[PDB]
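Remarks on the structure that follows.
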Amino acid sequence: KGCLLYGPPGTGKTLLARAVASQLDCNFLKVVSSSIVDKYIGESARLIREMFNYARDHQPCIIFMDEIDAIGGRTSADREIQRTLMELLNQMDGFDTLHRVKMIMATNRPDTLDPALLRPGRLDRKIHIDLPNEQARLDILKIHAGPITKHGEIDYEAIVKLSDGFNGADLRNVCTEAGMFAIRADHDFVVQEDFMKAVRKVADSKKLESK
Amino acid sequence: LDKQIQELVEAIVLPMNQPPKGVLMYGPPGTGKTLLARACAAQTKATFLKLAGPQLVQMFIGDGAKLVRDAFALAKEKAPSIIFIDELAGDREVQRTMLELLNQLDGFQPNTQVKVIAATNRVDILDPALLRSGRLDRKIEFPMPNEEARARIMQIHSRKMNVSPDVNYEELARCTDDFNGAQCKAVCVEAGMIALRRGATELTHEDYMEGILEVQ
Amino acid sequence: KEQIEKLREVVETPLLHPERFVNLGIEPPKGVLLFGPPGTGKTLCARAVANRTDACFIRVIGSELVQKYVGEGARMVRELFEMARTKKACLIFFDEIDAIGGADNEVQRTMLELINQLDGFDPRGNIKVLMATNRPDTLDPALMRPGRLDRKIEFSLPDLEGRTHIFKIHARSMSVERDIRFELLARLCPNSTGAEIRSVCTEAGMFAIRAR
């Protein structure tokens, strides 16, 4: 009922975690990192029981928890955070059969991850997101290039080599970006010229605006 | 102004035949981006549906997500249309609907349809969380080439405003430092406002620089 | 002499010669802005009512916008704008805008719908704009003003040779000493704002009262 997706080697933790997440998910319940500060009276407990009470009304659901390092402290800023952590303990470890519920946790560094929360059961399976390998980029390109139409001439070395620091979701939206770029002229076939041009230009736009 | 609106028109004609989601066509007030995005939106042949900035914030709470999800319901169900918005706590809910929007456009990919054509009249304040391909990516400032373009769009936008035939455009084109053509349009507005008390029914040459030194 | 023409050329000229403004170039002007101390406020507007050519118009004060049982103010501004529609672009005067300006959602309906009707071109957007208020601390009209309104000037302060007109309209006091000379009161007190002269009638007139 939990998973950990950390990206210590560098950027790509949210891009690959949101690439597999973008591949498979469930009902939408996002936890924004701005709804826990609670500048007013610290009544976030009834908000956790309310939102997770809706997660009790709806049986299938996946709860995204991205950027947990800022709320993963092992002042009053961290006391409300630890209060929400106690509400999590009494929330999933309470007297309820919350087995169908699912959640996904993401972070930056596996050092301040609340080793009390690092207990088994709390996070069953963890995947160490490493740097994008060229073989996983050629494979992810061959599995993300299937349903999209292409021309008879195939040269994947230019798309693998010209794409660096990208993940399944990045190369997905860039290759489909080039597919739409080539379908602009409503041609049924897609020559790899628009692949190289749109992958190069849009890939440069992602390298410049990748913050 | 074709170098910045061409990408918009192409980006909004290509899905009917992913297209960019956020393009920032900005400039000083009175630029004419609404009458040119409408003069070209009429040429796009799609349904021209109007939407404004302050329409999201209403008397009741939670209306911004109501108009965003409602405009994305009529736009999601209807054919690709043309929505041009201008003049882009409550802002925390706007960031929740924004991160949810790009969570449905980044975690999901159903948006092969209409986009959010946003335009601001001033870029003095800019959220650092507005930098992505789906976010405001194409940030094109006022055209760097010479005055000719400013006289062309300013003359088309000022077809009813005559000009005395003694103008080199080099003095007014050179004196404008860190300025844009919309501010010169406001200079023409003020100069035409004082043209009544000037006594001359025709806008003279010195009234341009008099307006530049007047309002700016 | 200067400011009275800067506000007269927008109240008398746009109706006497409409073609002169259509052919004059940019467009017919909108109006002026009168903000500052009251002084002789509402007197020059009554003079503009006395200078009416064909049909006297209806005045609207700022106190009518705020009333009990909210919801009637919208129908009131829409019914007076509808009267402006029926009376072939009738004149609409707004007095004491500070009572609602400077933003209470029940007031936000009337003032934000008021902005939605002024800046909105549905009834008409070019007949006559004119605002007479007291304090310039109205932030919302100061930021939404350059949309349609323009020509911001002082309230009454004239040039050195312009005071004699506001003293010829301020000649309606009790008396100076006798009926010998008006100019004795009109030119023997220069360098005095259009409200500082109301302090000259109130305080110098109070000195003429307290002089046994």
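Following Swiss-Prot, chain C shows residues 181-283, 292-400, kept in their order.
Each residue, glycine too, has its Cβ placed from N, Cα and C.
Feature annotations, courtesy of Swiss-Prot:
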BINDING   C:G216, C:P217, C:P218, C:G219, C:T220, C:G221, C:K222, C:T223  ATP binding site
(Q) According to DSSP, does C:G219 (ATP binding site) sit in a helix, a strand, or coil? (A) coil
Q | Shell list (ATP; ref centroid = CB of C:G216, C:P217, C:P218, C:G219, C:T220, C:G221, C:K222, C:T223; cutoff 8 A) | A | C:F343, C:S344, C:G382, C:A383, C:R386
Q.
Quiz question: given the binding-site residues C:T220, C:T223, which has the greatest number of C-beta atoms lying within 10 angstroms of its own C-beta?
A. C:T220
Q: Report, as a single number, how many Cβ atoms besides its own are within 10 Å of the Cβ of C:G216 (ATP binding site).
A: 19
